[PDB]
Amino acid sequence: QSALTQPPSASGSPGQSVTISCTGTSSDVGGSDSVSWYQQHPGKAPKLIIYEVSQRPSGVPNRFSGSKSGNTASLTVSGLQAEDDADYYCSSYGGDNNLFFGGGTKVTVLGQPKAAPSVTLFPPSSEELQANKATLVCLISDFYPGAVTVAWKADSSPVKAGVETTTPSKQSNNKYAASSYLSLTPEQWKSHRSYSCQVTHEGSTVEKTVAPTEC
Amino acid sequence: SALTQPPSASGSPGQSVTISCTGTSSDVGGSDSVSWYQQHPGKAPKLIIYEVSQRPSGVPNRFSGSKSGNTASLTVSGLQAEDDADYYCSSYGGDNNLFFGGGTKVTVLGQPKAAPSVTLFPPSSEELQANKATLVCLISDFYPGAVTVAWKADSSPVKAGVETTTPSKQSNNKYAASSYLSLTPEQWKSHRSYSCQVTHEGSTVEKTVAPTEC
Ligand SMILES: Cc1cc(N2CC[C@](C)(c3ccccc3)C2)cc(=O)n1CCNC(=O)NC1CN(c2nccn3cncc23)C1
């Protein structure tokens with residue numbers, strides 16, 4: 001029901017600026033001046049930092065600013081500071097007393113060099129197929145920041161069910177890793193041309209594809 | 001200033017739990033604009049109540065919201081494991097302000113033990129073509145969320161090259177993790193087999209895979 005799209009992540013080093021977007025439709029974002037932005041440090045209560053597109057509540061520094069053009073609102077955070085590292089969400093009203101939220105953007109203040117993920121996609125192992133399971137696994141390692149989005153395709157169609165992705169965890173080399181897995185039945189696996197795992201990190205996407213084989 | 005919520009609340013499966021949200025005459029007690037949100041750790045939240053008592057579409061009627069004076073309450077009946085989460089309240093006040101409480105972590109006590117499903121995968125053709133032979137041991141559907149992993153090369157302990165991720169809770173309310181062993185193709189092809197041994201609650205599950213015959 002929400003139409004609000006936010007990029008999954010953004011990053012900068014201390015003292016840089018970052019702008020993040022919140023795209024809706026004419027009936028929500030573009031239909032009034034009612035966009036809000038909220039900051040949440042993980043595991044703590046969120047806070048309203050912008051209301052009515054551009055207004056800061058008391059105590060929010062003027063490094064945070066909000067604007068809008070058409071059906072896209074934008075939050076800019078100049079002068080990045082360590083405390084800015086957080087998840088940011090938008091909202092907008094959208095007709096018939098409805099409030100709509102974006103999916104959130106994780107903003108990292110870079111604490112180490114950026115590292116793109118190594119992505120390995122594994123087809124079903126012989127043992128699990130003999131157990132009537134065709135789970136595929138997409139291994140994603142050695143990445144920084146530790147924010148990664150994963151999507152799967154059956155052929156070219158988005159896969160809407162049976163997907164799980166672990167929360168990225170910092171490994172012994174101090175880069176993050178995670179796994180996404182898609183719990184297919186053998187029929188599903190053998191009857192499609194292929195399945196693909198798409199990993200998005202720092203706004204660039206990598207795709208890996210596998211297909212059934214006989215042995 | 002925050003609204004006041006207890007930091008913790010708990011209940012057993014099927015039982016009920018009530019949590020409160022105490023504000024002031026100019027926020028919670030000033031109008032009917034109290035909302036509640038649910039949030040699983042590491043996930044986006046979900047609005048479960050608005051305007052004190054109203055459920056958005058898709059919210060079960062086991063969640064109920066009320067207010068008396070300056071204190072709003074949320075009651076979750078028929079507790080289920082998927083209800084184990086953090087719960088925040090909010091209430092618009094004057095001057096375009098929006099106040100939030102500090103969050104209550106609701107724990108659903110006594111969730112059942114569950115042993116891991118372990119699937120070991122051998123190196124993919126693509127990665128072998130790129131001169132890599134990482135193996136992955138997928139570990140899912142377990143509870144509670146602590147496992148240890150050891151790897152074997154033939155029968156011998158593997159002391160290097162192992163990473164295991166920190167278990168995270170998944171949509172079925174049980175944990176998952178992967179352990180991955182970064183072999184060279186030469187290490188992979190020179191052994192009879194590799195094994196992934198997963199220990200959970202004193203019990204071990206071992207899987208073994210060997211270089212393919214095709
Ligand atoms: C997501 C969400 C956020 C939140 N907050 C965040 C602000 C808040 C005040 C907060 C923050 C922290 C802790 C506590 C509270 C309220 C409430 C909420 O209820 N939620 C779910 C509903 N809304 C969305 O999840 N939108 C999503 C993307 N979105 C879509 N965007 C475009 C097209 N789409 C087609 N299908 C889906 C989408 C998926």
# chains A, B, ... in the order shown; residues from 1 in each chain; ligands from 1

$ residues_near_ligand --ligand "ligand 1" --cutoff "7 Å" --atoms "only C-alpha atoms and all ligand atoms" --output "ChimeraX atom specification"
/A:1-5,38,40,45-46,89-90,100-104 /B:37-39,44-47,88

$ write_last_selection --atoms "C-alpha atoms" --output "PDB file, in the first residue's frame"
ATOM      1  CA  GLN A   1       0.000   0.000   0.000  1.00  0.00           C
ATOM      2  CA  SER A   2       2.912   2.363   0.614  1.00  0.00           C
ATOM      3  CA  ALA A   3       4.313   3.944  -2.506  1.00  0.00           C
ATOM      4  CA  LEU A   4       7.264   5.513  -0.705  1.00  0.00           C
ATOM      5  CA  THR A   5      10.611   4.333  -2.109  1.00  0.00           C
ATOM      6  CA  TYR A  38      12.782  10.250  11.278  1.00  0.00           C
ATOM      7  CA  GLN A  40      16.661   5.891  14.494  1.00  0.00           C
ATOM      8  CA  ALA A  45      13.545   4.992  19.946  1.00  0.00           C
ATOM      9  CA  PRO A  46      13.271   7.033  16.730  1.00  0.00           C
ATOM     10  CA  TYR A  89      12.754   7.011   7.309  1.00  0.00           C
ATOM     11  CA  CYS A  90      10.309   9.270   5.477  1.00  0.00           C
ATOM     12  CA  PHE A 100       2.534   6.247   4.268  1.00  0.00           C
ATOM     13  CA  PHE A 101       6.105   5.342   5.250  1.00  0.00           C
ATOM     14  CA  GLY A 102       9.272   4.670   3.296  1.00  0.00           C
ATOM     15  CA  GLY A 103      11.305   1.513   3.881  1.00  0.00           C
ATOM     16  CA  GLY A 104      14.219   3.369   5.491  1.00  0.00           C
TER      17      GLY A 104
ATOM     18  CA  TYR B  37       4.713   0.366  16.331  1.00  0.00           C
ATOM     19  CA  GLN B  38       6.230  -3.089  16.435  1.00  0.00           C
ATOM     20  CA  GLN B  39       9.863  -3.669  15.532  1.00  0.00           C
ATOM     21  CA  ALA B  44      11.988  -1.812   9.762  1.00  0.00           C
ATOM     22  CA  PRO B  45       9.074  -1.271  12.178  1.00  0.00           C
ATOM     23  CA  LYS B  46       5.373  -1.705  11.458  1.00  0.00           C
ATOM     24  CA  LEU B  47       2.582   0.591  12.670  1.00  0.00           C
ATOM     25  CA  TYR B  88       7.224   1.973  20.655  1.00  0.00           C
TER      26      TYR B  88
END

$ select_by_dssp --residues "region 3-165 of chain B" --states "strand (DSSP E)" --output "PyMOL selection string"
chain B and resi 8-11+17-22+34-39+46-49+63-68+71-76+85-92+98-100+104-108+117-121+133-142+148-153+156-157+162-164

$ residues_around --residues "residue 156 (chain B)" --least-positions-apart "6" --cutoff "12 Å" --atoms "only C-alpha atoms" --output "list in words"
residues 150, 191, 192, 193, 194, 195 and 196 of chain B

$ write_last_selection --atoms "N, CA, C and O atoms" --output "compact mmCIF listing (two decimals), in the first residue's frame"
# COMPACT_ATOMS: atom_id res chain seq x y z
N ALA B 150 32.57 -26.59 13.57
CA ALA B 150 33.93 -27.06 13.28
C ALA B 150 33.92 -27.73 11.91
O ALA B 150 32.92 -28.32 11.50
N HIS B 191 41.67 -33.50 -1.23
CA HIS B 191 41.15 -34.23 -0.08
C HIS B 191 40.03 -35.13 -0.57
O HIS B 191 39.49 -34.92 -1.65
N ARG B 192 39.75 -36.17 0.19
CA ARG B 192 38.65 -37.04 -0.14
C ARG B 192 37.33 -36.34 0.10
O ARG B 192 36.35 -36.61 -0.59
N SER B 193 37.26 -35.58 1.19
CA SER B 193 36.05 -34.91 1.54
C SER B 193 36.32 -33.77 2.49
O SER B 193 37.36 -33.72 3.17
N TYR B 194 35.31 -32.87 2.58
CA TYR B 194 35.23 -31.92 3.71
C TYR B 194 33.91 -32.06 4.42
O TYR B 194 32.93 -32.54 3.82
N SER B 195 33.93 -31.75 5.71
CA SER B 195 32.79 -31.88 6.61
C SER B 195 32.61 -30.62 7.44
O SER B 195 33.58 -29.95 7.84
N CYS B 196 31.33 -30.34 7.72
CA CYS B 196 30.84 -29.24 8.54
C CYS B 196 30.10 -29.86 9.72
O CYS B 196 29.21 -30.71 9.54

$ residues_around --residues "region 23-33 of chain B" --least-positions-apart "3" --cutoff "6 Å" --atoms "only C-alpha atoms" --output "number ranges by chain"
B: 3, 51-52, 69-70, 91-93

$ write_last_selection --atoms "N, CA, C and O atoms" --output "short mmCIF file (atom, residue, chain, number, x, y, z; two decimals), in the first residue's frame"
data_model
loop_
_atom_site.label_atom_id
_atom_site.label_comp_id
_atom_site.auth_asym_id
_atom_site.auth_seq_id
_atom_site.Cartn_x
_atom_site.Cartn_y
_atom_site.Cartn_z
N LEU B 3 8.04 9.81 26.02
CA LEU B 3 6.97 9.16 26.72
C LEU B 3 7.62 8.08 27.54
O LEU B 3 8.71 7.61 27.17
N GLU B 51 -4.42 6.34 16.11
CA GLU B 51 -5.54 7.03 16.71
C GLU B 51 -6.06 6.28 17.91
O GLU B 51 -7.26 5.99 18.05
N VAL B 52 -5.11 5.84 18.73
CA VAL B 52 -5.34 5.11 19.99
C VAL B 52 -5.70 3.64 19.88
O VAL B 52 -5.23 2.85 20.66
N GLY B 69 -6.85 8.93 30.52
CA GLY B 69 -6.08 10.07 30.99
C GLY B 69 -4.82 10.29 30.18
O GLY B 69 -4.84 10.41 28.93
N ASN B 70 -3.67 10.33 30.87
CA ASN B 70 -2.43 10.57 30.20
C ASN B 70 -1.68 9.28 29.86
O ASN B 70 -0.49 9.33 29.55
N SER B 91 2.87 10.05 20.28
CA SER B 91 1.66 10.89 20.46
C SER B 91 1.98 12.33 20.04
O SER B 91 2.80 12.96 20.73
N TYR B 92 1.36 12.85 18.97
CA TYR B 92 1.54 14.26 18.61
C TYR B 92 1.18 15.11 19.81
O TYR B 92 0.36 14.72 20.62
N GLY B 93 1.91 16.20 19.99
CA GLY B 93 1.55 17.19 20.99
C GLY B 93 1.32 18.53 20.33
O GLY B 93 0.92 18.63 19.17
#

$ interface_residues --of "chain A" --to "chain B" --cutoff "8 Å" --atoms "only C-alpha atoms" --output "JSON, numbers by chain"
{"A": [42, 43, 44, 45, 46, 47, 48, 51, 57, 103, 104, 120, 121, 122, 123, 124, 125, 128, 137, 139, 164, 165, 166, 167, 168, 169, 170, 171, 172, 177, 178, 179, 215]}

$ write_last_selection --atoms "N, CA, C and O atoms" --output "compact mmCIF listing (two decimals), in the first residue's frame"
# COMPACT_ATOMS: atom_id res chain seq x y z
N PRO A 42 20.11 2.24 15.95
CA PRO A 42 19.60 0.86 16.13
C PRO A 42 19.34 0.54 17.59
O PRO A 42 20.11 0.92 18.47
N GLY A 43 18.19 -0.04 17.84
CA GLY A 43 17.78 -0.44 19.18
C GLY A 43 17.34 0.68 20.09
O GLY A 43 17.07 0.42 21.24
N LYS A 44 17.24 1.91 19.59
CA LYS A 44 16.77 3.03 20.37
C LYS A 44 15.52 3.61 19.73
O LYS A 44 15.31 3.46 18.54
N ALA A 45 14.78 4.40 20.47
CA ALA A 45 13.55 4.99 19.95
C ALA A 45 13.88 5.94 18.81
O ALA A 45 14.87 6.67 18.89
N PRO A 46 13.05 6.01 17.78
CA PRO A 46 13.27 7.03 16.73
C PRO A 46 12.96 8.44 17.22
O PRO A 46 12.37 8.64 18.27
N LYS A 47 13.35 9.40 16.38
CA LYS A 47 13.10 10.82 16.60
C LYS A 47 12.69 11.52 15.30
O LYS A 47 13.28 11.31 14.21
N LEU A 48 11.67 12.36 15.41
CA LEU A 48 11.31 13.22 14.27
C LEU A 48 12.39 14.26 14.06
O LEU A 48 12.73 14.98 15.00
N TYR A 51 9.72 17.88 9.61
CA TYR A 51 8.27 17.77 9.37
C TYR A 51 7.90 18.87 8.36
O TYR A 51 8.64 19.86 8.12
N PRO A 57 12.39 20.32 14.07
CA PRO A 57 12.05 20.48 15.48
C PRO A 57 13.21 21.07 16.26
O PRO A 57 14.36 21.06 15.81
N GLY A 103 10.71 2.72 3.31
CA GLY A 103 11.30 1.51 3.88
C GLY A 103 12.57 1.77 4.72
O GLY A 103 13.08 0.84 5.39
N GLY A 104 13.03 3.00 4.73
CA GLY A 104 14.22 3.37 5.49
C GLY A 104 15.49 3.28 4.66
O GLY A 104 15.66 2.41 3.75
N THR A 120 28.87 -15.46 -4.03
CA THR A 120 28.93 -16.82 -4.54
C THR A 120 27.53 -17.43 -4.43
O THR A 120 26.91 -17.41 -3.37
N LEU A 121 27.05 -17.95 -5.53
CA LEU A 121 25.70 -18.55 -5.59
C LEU A 121 25.80 -20.07 -5.78
O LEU A 121 26.37 -20.54 -6.78
N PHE A 122 25.21 -20.82 -4.85
CA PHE A 122 25.36 -22.28 -4.84
C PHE A 122 24.03 -22.89 -5.27
O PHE A 122 23.00 -22.62 -4.62
N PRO A 123 24.03 -23.72 -6.30
CA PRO A 123 22.81 -24.55 -6.60
C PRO A 123 22.59 -25.67 -5.60
O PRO A 123 23.43 -25.91 -4.72
N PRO A 124 21.47 -26.41 -5.73
CA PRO A 124 21.15 -27.46 -4.74
C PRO A 124 22.22 -28.51 -4.68
O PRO A 124 22.75 -28.93 -5.71
N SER A 125 22.59 -28.89 -3.45
CA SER A 125 23.57 -29.97 -3.25
C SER A 125 22.85 -31.31 -3.43
O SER A 125 21.65 -31.36 -3.11
N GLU A 128 20.71 -32.66 -0.32
CA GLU A 128 19.40 -32.08 -0.02
C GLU A 128 18.35 -32.45 -1.09
O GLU A 128 17.19 -32.61 -0.76
N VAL A 137 21.68 -21.16 -2.08
CA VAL A 137 22.32 -20.23 -1.14
C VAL A 137 23.19 -19.24 -1.91
O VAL A 137 24.01 -19.64 -2.76
N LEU A 139 26.00 -16.57 -0.96
CA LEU A 139 26.93 -16.19 0.08
C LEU A 139 27.53 -14.82 -0.28
O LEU A 139 27.88 -14.61 -1.45
N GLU A 164 15.12 -15.94 2.64
CA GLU A 164 15.59 -15.45 3.95
C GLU A 164 16.99 -14.90 3.79
O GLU A 164 17.81 -15.43 3.01
N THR A 165 17.26 -13.86 4.51
CA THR A 165 18.60 -13.25 4.48
C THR A 165 19.04 -12.90 5.89
O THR A 165 18.30 -12.30 6.64
N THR A 166 20.25 -13.30 6.24
CA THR A 166 20.72 -13.14 7.57
C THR A 166 21.16 -11.67 7.77
O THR A 166 21.54 -10.95 6.81
N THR A 167 21.07 -11.22 9.01
CA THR A 167 21.58 -9.92 9.33
C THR A 167 23.11 -9.92 9.25
O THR A 167 23.78 -10.78 9.91
N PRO A 168 23.71 -8.98 8.46
CA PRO A 168 25.17 -9.00 8.27
C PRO A 168 25.91 -8.87 9.55
O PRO A 168 25.49 -8.16 10.47
N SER A 169 26.94 -9.72 9.69
CA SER A 169 27.71 -9.81 10.95
C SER A 169 29.19 -9.62 10.63
O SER A 169 29.68 -10.29 9.71
N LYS A 170 29.88 -8.81 11.40
CA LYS A 170 31.28 -8.48 11.14
C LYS A 170 32.16 -9.70 11.41
O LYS A 170 32.11 -10.30 12.49
N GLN A 171 32.99 -10.07 10.43
CA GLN A 171 33.77 -11.32 10.54
C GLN A 171 35.20 -11.03 11.01
O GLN A 171 35.51 -9.89 11.26
N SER A 172 36.06 -12.04 11.08
CA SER A 172 37.34 -11.87 11.75
C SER A 172 38.22 -10.89 11.01
O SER A 172 39.06 -10.25 11.64
N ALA A 177 29.67 -10.19 6.58
CA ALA A 177 29.19 -11.27 5.75
C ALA A 177 27.72 -11.55 6.08
O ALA A 177 27.23 -11.29 7.19
N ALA A 178 27.10 -12.18 5.11
CA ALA A 178 25.71 -12.65 5.21
C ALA A 178 25.46 -13.70 4.14
O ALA A 178 26.26 -13.87 3.20
N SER A 179 24.27 -14.36 4.26
CA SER A 179 23.82 -15.38 3.35
C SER A 179 22.34 -15.11 3.15
O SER A 179 21.65 -14.82 4.12
N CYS A 215 24.06 -33.95 -13.51
CA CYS A 215 24.94 -34.40 -12.44
C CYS A 215 25.61 -33.18 -11.81
O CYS A 215 26.42 -32.50 -12.46

$ residues_around --residues "residue 142 (chain B)" --least-positions-apart "3" --cutoff "6 Å" --atoms "only C-alpha atoms" --output "PyMOL selection string"
chain B and resi 114-116+174-175

$ closest_residue --among "A:114, A:63, A:106, A:68" --to "residue 92 (chain A)" --atoms "only C-alpha atoms"
A:68

$ select_by_dssp --residues "region 47-209 of chain B" --states "helix (DSSP H, G or I)" --output "list in words"
residues 81, 82, 83, 125, 126, 127, 128, 129, 185, 186, 187, 188 and 189 of chain B
